[PDB]
DNA sequence: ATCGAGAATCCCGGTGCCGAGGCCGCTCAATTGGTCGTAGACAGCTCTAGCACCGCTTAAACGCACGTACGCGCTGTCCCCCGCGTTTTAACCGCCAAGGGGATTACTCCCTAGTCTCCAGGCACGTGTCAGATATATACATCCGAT
DNA sequence: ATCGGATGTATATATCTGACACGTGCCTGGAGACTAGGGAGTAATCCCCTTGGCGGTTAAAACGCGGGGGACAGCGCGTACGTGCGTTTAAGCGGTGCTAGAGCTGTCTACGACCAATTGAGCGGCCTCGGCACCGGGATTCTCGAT
Ligand SMILES: [Zn+2]
Ligand SMILES: [Zn+2]
């Protein structure tokens, strides 16, 4: 299933992920294909935060959904 | 300076900028508090504290001790001129007084 | 009171209540002001100013003058004990000095 | 005995000293570097890192920061370096 | 133009209450105004400090009463406390 | 348990270690330091508040604190405090 | 002004006695901007890793610290992904007497071992302190793919 | 033939006259010039309102009168009628002005 | 035959000893009882924390030390060595404590 | 009820305070004066201390009340809080 | 247009009049120099604070309110000039 | 000028104890993010008074002569703090025990800041007249030399 | 012990003038009605710190005596300061000119207040060991009566 994520830098990324994959799994996959660390990633769907422990399918997220990525810059 | 870190480190101070900001806001001093006031106040407080502590440590070293005691603080405050003028009304508990005997009373 | 007249008249006070309340609220003293604080403060202020004005008027009338001048205010403040203690560290412009001479300086018999 | 040349140079700016100041830690450096340290640094001596706030505050009132005997030997030993500055 | 507030006519009313005929010059009026303002500042500051000292957030009558008891000497403190209590009692009804 | 009581103990200890690396401090001296810090804070803040109210303003900016420091402190302590305040504010801004 | 002369002497000293396992050069003709190359120490899990960093000198030197960033990316507890470096000597107690060669040596030393006291990211520091192997294998998978 | 008072009498008369009077004692223009000279040291080319100068001079007179009263008390304490600078120094040091 | 110190050389020794110490000099229980008497005169059935009486004693000791310093200065000004109640009254008057 | 406790401040205590002050020769008529001035000062401080501990609806005199009373009189004290 | 040695403006009869108001019958010959010195010290102390108060407000003319505020902070309240 | 004996004080070494510098667990407030009402930073205009100048007084300052009274040094007397020794007293330390009330939590209720609308109390402005500051001419308090 | 100048101060009377008491327009701030929500009052509970008490012991306070040093009274002097008068100086008062700068108005943009979530700096509690207190011994240094 293809989903769309939007970052703060104006870059849109398409993820080929299944609903069975948990939040940790999708974080690992997006880190592998984009480099952004999973911990610094905050996921926003319909204006809500997504918890790592629960699975992605718990959010009732369907094909071509829109996600927002939040980067937590610490230090500097 | 770069953001996204603790405020006490951005200014290079040790006193808490956030605590000073909260005290200024909730101290009934003014309706609004600027963003540069707590840093300035923290810097001044740190300077004064370091200035007193250095002289106190010098007095402690002179007294062959390796610990700061109220007598050392009193010696450091009173021996200096500017700090004596500033702290001219306070009274350090268990501090004593400087050794001073009038020249007339000395034996001839 | 009747809850229909002015606050100063309701409290029987010549000093204002609204102005004192506004100054207490906008003076950066507390986030809240009680409903009775301005009345108490105005009463205290009126009592002290009445006392000083009475003493100054008595001193002025003693000096064969019908107007109160700063010299009379200084005499009234300094002669009384409590007023002098309350206003010990204040200077009256064009107030002068109480007339006194040390007993040693007086001429011998 | 001898002021020499390599030891004479300021440890910060690599230049000739101008009105040298002697820190309580027996560190010597030129007045421009010390001044720029006051309003653009941590107010402590860079080398051995000891605070000199009290010494500077005491000396600035009487204007005794400059080392007269060192400045005299600097003038008499290297007039050519001093005249350029 | 601009407006400046003062305690002029109030002091004049008190003076006429205590002395029907005696007048007052301008400089004496300025001195009385300055004294009233200074006493107000002192009492308000003491009341605010007392309110802060007990983790409160209001200034009711009792803080003003305690500030008056602190600032003024004995007989004047007693008279001011009595007058303030009477004024509050009359105003509340 | 007992309610938290804020204090300046750790900060004064850090400053003391920064100045003298091998010198301790007793508890009574710590109390003296806390009282001194509170007193200086109260003085500076009150002077700044009065000086800002004198100008019909409603904000305590850095200028008010600078002028309060200039008024309260003696001749040389005031200059050094102003210099290090400019230090901190310039380093914080950029 | 006077800063460029100090930079010239410092670069001459760098060239005459280059430190082992650190390299630096002028990224551009303009003097302030510099580039540097670092490769990991032998006693580290970063073997065979080459890394590029860019340093920008301030207007006045050395009274203010010089800004440093990593154009490449490193997986370290004390460095962000964007390249910001939390170094105690760099910002908290930077002194004019120090030279940027000492700064690079400090960077190498921090690359050898992180600092518990001021972690850049608390999570990675928690990972580092909790045990050894779970940082070992991410470091091992990370080093070769990004360096080469 | 000429008539002159014994020393110490016209001094007492001057004391009695001046204690009753209220007008300022120091001349206006020299005090204004002194204030301007002292002020220009801290900052250049200031301008002074008249009321500020008057208030400064009034505070000056009050302070000097108080200091002289304390000095006279010290002098009488020392079993003397004349005041001398040591009396002024003692009065200032007890008050804590100089410390 | 016994070694008796000349009158005067013991006061200086006591001054040197006491100006070097930091201990309290007034007794504990008598001062506490006096404080309790004053308090019960002001208000009945009061209780005192130990730090309260400690602070009261510290303040009283510092104030009395300052008063005796000023009294000694006045006595030395009077061309004397002994201190007398007139010196204390004058010091209090000049300090503004009595007026 | 306590009566005549001002005599608890005995002569040697006054002498020790005077020696710390820096005097060499003390008259014999000064002890009553010192006792009187000490009593006046104690009354003045304790009045404000009691007023503070009475405004707060308490019944004990904490060190905070005393420190505040001293601070009100231009006699700031360090050591017991603040 | 600078000014020099205007401290001599405070004249000996003026100091004599001030002492007479204070209640002094006999005056020594060295009083005047000490009086002038104390005067200059007090005036400098007040003027520094007044000038600082003026400088904060971005003004160029010191006002009676500035002097009153400086005196009040210095420990000597003044009445009659507005406050 | 000094020698030496009695006495007070400082150095040094050994022993012991208690508080302070560090570690661990945890609860709350500082940080980051964004949004939104308004405060003062700035430009322009007005128009007040602060500064500079001049001229005419006459009030205050000044230098000098002369007398005198008191600040200071010296001498003498006496008396009263001081140093020391002996005796009495209560401060101080440790211990135990009872309980008053200071601090805390949970609940509720009502006091007041906030908003909006309406109107008069006091302020800026202009005006009348008399309280008193000034000038002039008597009447008494007070000081000084000399009886 | 007063007397007679002789000075200065106090007292009675005209006068005219600038400031104080007062009338008036109006507008901005004070007054009145409604509400909601958080601060403060009230009740119940815990245990911390205050108060009261008794036995030992001993450092400190109290009392008494000899006397030496300082407080104080009196004498003498000579010099600095007070008093008065002729003369030089600049403060004081009036009038005019001008512009630097205080004060207010109109825009609007950027700084600061508010609310939620969150997690790490900082606070409460425990603990162990080293720095400081105490004792015993000796070495050092002021001190004074007799030379
Ligand atoms: Zn240099
Ligand atoms: Zn150094």
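First residue shown is number 1, and so on along the chain.
For all residues, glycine too, the Cβ spot is worked out from N, Cα and C.
Taken from the PDB entry as is:
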SEQADV    A:1-17  expression tag
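Here's what Swiss-Prot has on this protein:
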CROSSLNK  A:27  ubiquitin cross-link
CROSSLNK  A:29  ubiquitin cross-link
CROSSLNK  A:33  ubiquitin cross-link
CROSSLNK  A:48  ubiquitin cross-link
SITE      A:54  site 'Interacts with activating enzyme'
CROSSLNK  A:63  ubiquitin cross-link
MOD_RES   A:65  phosphoserine
MOD_RES   A:66  (Microbial infection) ADP-ribosylthreonine
SITE      A:68  site 'Essential for function'
SITE      A:72  site 'Interacts with activating enzyme'
MOD_RES   A:76  ADP-ribosylglycine
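Neighbour list (residue A:72 (site 'Interacts with activating enzyme'), Cβ cut-off 8 Å, at least 6 residues apart, same chain): A:39, A:40, A:42. Reduced to three states, the DSSP call for residue A:29 (ubiquitin cross-link) is helix. The recorded positions near ligand 1, defined by a Cβ under 6 Å from one of its atoms, do not include any of A:27, A:29, A:33, A:54, A:66. For the recorded positions A:27, A:29, A:54, A:63, A:68, the greatest number of Cβ atoms within 10 Å around a candidate Cβ is found at A:27. Sorted by the number of other CB atoms within 10 A, the recorded sites A:33, A:48 start with A:48, the lowest. Among the listed modified residues, namely A:65, A:66, the Cβ with the most fellow Cβ atoms inside 10 Å is that of A:65. Within the set of recorded positions A:27, A:29, A:33, A:54, A:76, the entry lying nearest in space to residue A:68 (site 'Essential for function') is A:27 (CA atoms). Residues of the same chain lying 6 or more positions beyond the ends of the expression tag (A:1-17) and with a Cβ under 8 Å from any Cβ of it are 26, 29-30, 33-34, 56, 61-71. DSSP gives residue A:72 (site 'Interacts with activating enzyme') a coil state; it is part of no helix or strand. With an 8 Å limit on C-beta distances, the recorded positions from A:27, A:29, A:48, A:63, A:76 that reach chain G are A:76.
Secondary structure from DSSP puts the residue listed as '(Microbial infection) ADP-ribosylthreonine' in a beta strand.
Of A:29, A:54, A:65, all annotated as recorded positions, the residue with the shortest Cα distance to the residue listed as 'ADP-ribosylglycine' is A:29. Rounded to a whole number, the C-alpha distance linking residue A:29 (ubiquitin cross-link) with residue A:63 (ubiquitin cross-link) is 17 angstrom. Listed recorded positions (A:27, A:33, A:65, A:68, A:72, A:76) with a CB under 8 Å from any chain F CB: none. In the structure as shown, the Cβ atom of the residue listed as 'ADP-ribosylglycine' sits within 10 Å of 17 other Cβ atoms.
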